[PDB]
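K.L.:
Okay, here's the structure, questions in a sec.
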Amino acid sequence: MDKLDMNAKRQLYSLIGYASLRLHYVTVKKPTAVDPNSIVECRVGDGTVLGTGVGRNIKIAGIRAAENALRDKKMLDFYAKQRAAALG
């Protein structure tokens with residue numbers, strides 16, 4: 001079900017996540033007092049956030065972060081030409 005941005009995460013992994021790019025999401029929100037919402041940062045296997053986006057919860061923020069990564073048509077094309085070209 002919806003919780004870890006299935007479609008969004010599947011999109012990134014299906015468009016750029018080939019292997020070396022361990023598509024992972026690290027939430028730093030921790031709702032309390034200083035944290036106003038659910039902020040997540042999609043980090044690759046190496047060590048670079050490709051998708052950063054906030055949300056109401058881990059589900060929303062997760063979809064927002066992945067969506068932020070999908071927005072980069074240029075960055076998506078570079079990987080899309082590798083992930084899609086690496087497999088078929």
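Quick note on naming: the chains in the structure tokens go A, B, ... in the order shown, residues restart at 1 in each chain, and ligands are numbered from 1 in order of appearance.
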Enumerate, as a count of residues only, the complete set of residues in chain A that a backbone-based DSSP assignment places in strand (DSSP E or B).
P.N.:
17
K.L.:
Can you pull out the residues contacting segment 66-83 of chain A? Cut-off 7 Å, using only C-alpha atoms, and skip same-chain residues under 3 positions away; I want them as a compact mmCIF listing (two decimals) with N, CA, C and O atoms, in the first residue's frame.
P.N.:
```txt
# COMPACT_ATOMS: atom_id res chain seq x y z
N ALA A 8 6.17 6.43 -7.01
CA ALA A 8 7.26 7.39 -7.08
C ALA A 8 8.62 6.70 -6.98
O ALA A 8 9.51 6.95 -7.80
N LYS A 9 8.76 5.84 -5.99
CA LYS A 9 10.00 5.11 -5.78
C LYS A 9 10.24 4.13 -6.92
O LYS A 9 11.38 3.92 -7.35
N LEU A 12 11.52 6.11 -10.05
CA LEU A 12 12.94 6.43 -9.97
C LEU A 12 13.79 5.19 -10.20
O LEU A 12 14.77 5.22 -10.95
N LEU A 15 13.51 4.15 -13.74
CA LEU A 15 14.01 5.12 -14.71
C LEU A 15 15.49 5.44 -14.50
O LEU A 15 16.17 5.86 -15.44
N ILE A 16 15.98 5.27 -13.28
CA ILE A 16 17.38 5.57 -13.00
C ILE A 16 18.05 4.51 -12.12
O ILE A 16 19.24 4.23 -12.28
N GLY A 17 17.29 3.93 -11.20
CA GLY A 17 17.84 2.91 -10.33
C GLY A 17 18.19 1.63 -11.07
O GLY A 17 17.33 0.78 -11.30
N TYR A 18 19.46 1.50 -11.45
CA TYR A 18 19.92 0.31 -12.18
C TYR A 18 20.61 -0.67 -11.24
O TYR A 18 20.43 -1.88 -11.35
N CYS A 42 15.91 11.78 -0.77
CA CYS A 42 16.31 10.59 -1.50
C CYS A 42 17.80 10.61 -1.79
O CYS A 42 18.28 11.45 -2.55
N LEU A 50 19.34 12.94 -4.72
CA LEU A 50 18.80 13.21 -6.05
C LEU A 50 17.37 13.75 -5.97
O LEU A 50 16.90 14.39 -6.91
N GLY A 51 16.70 13.49 -4.86
CA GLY A 51 15.33 13.97 -4.70
C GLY A 51 15.01 14.40 -3.28
O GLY A 51 14.98 13.58 -2.37
N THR A 52 14.77 15.70 -3.11
CA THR A 52 14.45 16.25 -1.80
C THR A 52 13.06 16.87 -1.81
O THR A 52 12.77 17.76 -2.61
N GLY A 53 12.19 16.41 -0.91
CA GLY A 53 10.84 16.94 -0.84
C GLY A 53 10.19 16.71 0.51
O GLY A 53 10.44 15.69 1.16
N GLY A 62 7.69 11.13 1.08
CA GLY A 62 8.37 10.17 0.22
C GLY A 62 8.00 10.36 -1.23
O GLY A 62 8.86 10.29 -2.11
N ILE A 63 6.72 10.61 -1.49
CA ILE A 63 6.24 10.82 -2.85
C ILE A 63 6.72 12.17 -3.39
O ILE A 63 6.97 12.32 -4.58
N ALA A 86 21.07 0.04 -19.84
CA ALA A 86 21.83 -1.03 -19.20
C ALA A 86 21.07 -2.35 -19.24
O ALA A 86 21.66 -3.41 -19.40
N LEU A 87 19.75 -2.27 -19.09
CA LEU A 87 18.91 -3.46 -19.10
C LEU A 87 18.35 -3.71 -20.50
O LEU A 87 18.57 -4.77 -21.09
```
K.L.:
Just want the 6 Å neighbourhood of segment 20-34 of chain A, counted on only C-alpha atoms, with same-chain residues fewer than 6 positions away dropped. Output as a ChimeraX atom specification.
P.N.:
/A:40-45
K.L.:
Work out how far atom CA of residue 10 of chain A is from atom CA of residue 35 of chain A, in Å to one decimal.
P.N.:
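According to the coordinates, atom CA of residue 35 of chain A and atom CA of residue 10 of chain A are separated by 27.5 Å.
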K.L.:
Between atom CA of residue 11 of chain A and atom CA of residue 61 of chain A, what is the distance, to one decimal in Å?
P.N.:
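These atoms are spaced 15.4 Å apart.
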K.L.:
Using only C-alpha atoms, which of the listed residues (A:84, A:19, A:57, A:47) sits closest to residue 2 of chain A?
P.N.:
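Ranked by minimum distance to residue 2 of chain A, first place goes to A:57.
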K.L.:
Enumerate the residues of segment 46-83 of chain A with a DSSP assignment of helix (DSSP H, G or I), computed from the backbone, and present them as a list in words.
P.N.:
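Going through segment 46-83 of chain A, the helix (DSSP H, G or I) residues come out as residues 58, 59, 60, 61, 62, 63, 64, 65, 66, 67, 68, 69, 70, 71, 73, 74, 75, 76, 77, 78, 79, 80, 81, 82 and 83 of chain A.
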K.L.:
Save out the residues we just selected, N, CA and C atoms, as a compact mmCIF listing (two decimals), in the first residue's frame.
P.N.:
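Resulting contents of selection-v1.txt:
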```txt
# COMPACT_ATOMS: atom_id res chain seq x y z
N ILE A 58 5.57 10.24 6.21
CA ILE A 58 6.56 9.48 5.46
C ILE A 58 6.03 9.11 4.08
N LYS A 59 4.72 8.94 3.98
CA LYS A 59 4.09 8.57 2.71
C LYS A 59 4.10 9.75 1.74
N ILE A 60 3.63 10.90 2.20
CA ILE A 60 3.59 12.10 1.38
C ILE A 60 4.99 12.57 1.04
N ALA A 61 5.77 12.87 2.07
CA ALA A 61 7.14 13.34 1.89
C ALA A 61 7.91 12.43 0.94
N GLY A 62 7.69 11.13 1.08
CA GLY A 62 8.37 10.17 0.22
C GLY A 62 8.00 10.36 -1.23
N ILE A 63 6.72 10.61 -1.49
CA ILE A 63 6.24 10.82 -2.85
C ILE A 63 6.72 12.17 -3.39
N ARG A 64 6.86 13.14 -2.49
CA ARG A 64 7.32 14.47 -2.87
C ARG A 64 8.80 14.44 -3.23
N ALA A 65 9.59 13.75 -2.43
CA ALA A 65 11.02 13.64 -2.67
C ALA A 65 11.30 12.97 -4.01
N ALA A 66 10.66 11.83 -4.23
CA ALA A 66 10.82 11.10 -5.47
C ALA A 66 10.36 11.94 -6.65
N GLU A 67 9.26 12.66 -6.44
CA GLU A 67 8.71 13.52 -7.48
C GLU A 67 9.70 14.63 -7.82
N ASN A 68 10.40 15.11 -6.80
CA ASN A 68 11.39 16.16 -6.98
C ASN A 68 12.55 15.64 -7.83
N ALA A 69 12.83 14.35 -7.71
CA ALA A 69 13.90 13.72 -8.46
C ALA A 69 13.47 13.46 -9.90
N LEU A 70 12.18 13.19 -10.09
CA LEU A 70 11.64 12.93 -11.41
C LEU A 70 11.53 14.23 -12.22
N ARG A 71 11.39 15.35 -11.52
CA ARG A 71 11.28 16.65 -12.16
C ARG A 71 12.51 16.94 -13.01
N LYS A 73 14.38 16.55 -15.52
CA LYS A 73 14.36 15.87 -16.81
C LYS A 73 15.77 15.63 -17.32
N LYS A 74 16.68 16.54 -17.00
CA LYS A 74 18.07 16.41 -17.43
C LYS A 74 18.77 15.29 -16.68
N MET A 75 18.62 15.30 -15.36
CA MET A 75 19.22 14.29 -14.51
C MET A 75 18.55 12.94 -14.73
N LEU A 76 17.28 12.97 -15.11
CA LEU A 76 16.52 11.75 -15.36
C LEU A 76 16.90 11.15 -16.71
N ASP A 77 17.25 12.02 -17.65
CA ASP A 77 17.63 11.58 -18.99
C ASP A 77 19.00 10.90 -18.96
N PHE A 78 19.90 11.45 -18.15
CA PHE A 78 21.25 10.90 -18.02
C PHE A 78 21.20 9.48 -17.48
N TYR A 79 20.34 9.26 -16.49
CA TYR A 79 20.18 7.94 -15.89
C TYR A 79 19.29 7.08 -16.75
N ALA A 80 18.21 7.67 -17.25
CA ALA A 80 17.28 6.94 -18.10
C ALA A 80 18.00 6.35 -19.31
N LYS A 81 19.09 7.00 -19.72
CA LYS A 81 19.87 6.52 -20.85
C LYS A 81 20.90 5.48 -20.39
N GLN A 82 20.96 5.26 -19.08
CA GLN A 82 21.88 4.28 -18.51
C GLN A 82 21.11 3.12 -17.91
N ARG A 83 20.09 3.43 -17.12
CA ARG A 83 19.26 2.41 -16.50
C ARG A 83 18.46 1.65 -17.55
```
K.L.:
Expressed in Å to a single decimal, how great is the separation between atom CA of residue 1 of chain A and atom CA of residue 39 of chain A?
P.N.:
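Interatomic distance, atom CA of residue 1 of chain A to atom CA of residue 39 of chain A: 20.2 Å.
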